[PDB]
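What follows is one structure encoded as structure tokens, with my remarks underneath.
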Amino acid sequence: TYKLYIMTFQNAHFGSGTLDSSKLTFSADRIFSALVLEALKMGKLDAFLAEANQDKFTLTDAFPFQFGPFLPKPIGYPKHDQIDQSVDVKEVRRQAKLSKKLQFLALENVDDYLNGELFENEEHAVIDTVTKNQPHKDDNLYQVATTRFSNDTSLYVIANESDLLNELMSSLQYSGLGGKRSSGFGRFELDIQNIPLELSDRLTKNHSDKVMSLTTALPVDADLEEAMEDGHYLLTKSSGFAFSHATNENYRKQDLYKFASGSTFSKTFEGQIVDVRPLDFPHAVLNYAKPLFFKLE
RNA sequence: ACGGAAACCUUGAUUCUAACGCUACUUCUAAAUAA
């Protein structure tokens, strides 16, 4: 709600479920887990947990940043009320395919897209796969996909200006983010910027109008029905093997279905720092699904 | 408590075998006319 944390990447691998896949942007659960792990290994885990449990804490999904804050395509607003055209069906299907292919809009034209304007994607990163082997038994051949950014494209996240969070970010920029961090993939350089004046007035947490979630958030049971009864959304799985130092064997942490970004809702709701630890294991796994909204027209 | 942790695109392999810078060739020819 306060800052515009930008992070310049050169090579990163954010898995989509398999090691051979690599998404362009990471979700908020990945960065929250990275921060929690950094605080735990440094020693100040409880301070970060107390800050996260407070309602002032905020975190959003990674979004592209290329000479201007970019944002998620609003799911459910190509609405025909502003998309009615007299063109033939060939152009109608071409523009529908172009809209479906679009994944990230620029902040300068977000309202323009809500008016019915059409935009295209931009060169951000190339998803390349490199094959490596294990020459210790000479019977291994694995493949890792990466997301080497260029065109001076960085990633940005929106978090509060806090000394703890800034310190954890600065410690994380030499620890990498996601993937084979101790193999080259994941490293980044941190910078801290102020939110542009065209974003801070709309980046919100509470009104009753239509608000795009900017985070993979899961409402509590109190307002879930009201969320989906008049909402447009997408579902993502936060499954995986829970990285932990207190087991000799990896355990599949509990699957979780979360509302992606940008899911549009008729009102704001409350998130959850949900425990997804397997039964009978002292330290838990925290999945951050807490909303940061965007006010729309 | 990051679909994460551990993995060298590594092991050996001569741009190598054959092939005359070779063939014919005198550092040599002409002495007029005048006295």
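We label chains A, B, ... in the order they appear in the structure tokens, count residues from 1 in each chain, and number ligands from 1 in the order shown.
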- request: Identify all residues of stretch 98-234 of chain A in strand (DSSP E or B) (DSSP on the backbone) and supply them as a count of residues only.
  value: 37
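Residues of chain B lying within 10 Å of chain A, counting only C-alpha atoms (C1' of nucleotides), are residues 1, 2, 3, 4, 5, 7, 8, 9, 10 and 11 of chain B.
Atom to atom, atom CA of residue A:254 and atom CA of residue A:276 stand 5.1 Å apart.
Restricting the calculation to only C-alpha atoms, the smallest distance between residue A:166 and any of A:4, A:210, A:184, A:198 is found for A:4.
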- request: Please provide the set of residues having any atom within 7 Å of residue A:187, restricted to only C-alpha atoms (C1' of nucleotides), with same-chain residues fewer than 5 positions apart removed, written as a ChimeraX atom specification.
  value: /A:9,11-12,173-177
field: Atomic separation - atom CA of residue A:93 relative to atom CA of residue A:116, Å
entry: 14.9 Å
task: Please identify all polymer residues within 10 Å of residue A:228, counting only C-alpha atoms (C1' of nucleotides), omitting same-chain residues fewer than 5 positions from it, and present them as a list in words.
output: residues 223, 233, 264, 265 and 266 of chain A
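If only C-alpha atoms are the atoms counted, then among A:63, A:90, A:117, A:260 the closest residue to residue A:78 is A:117.
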query: What is the atom CA of residue A:263-atom CA of residue A:294 distance in Å, reported with one decimal?
result: 10.3 Å
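Using only C-alpha atoms, the nearest neighbour of residue A:79 within the list A:213, A:157, A:58, A:232 is A:232.
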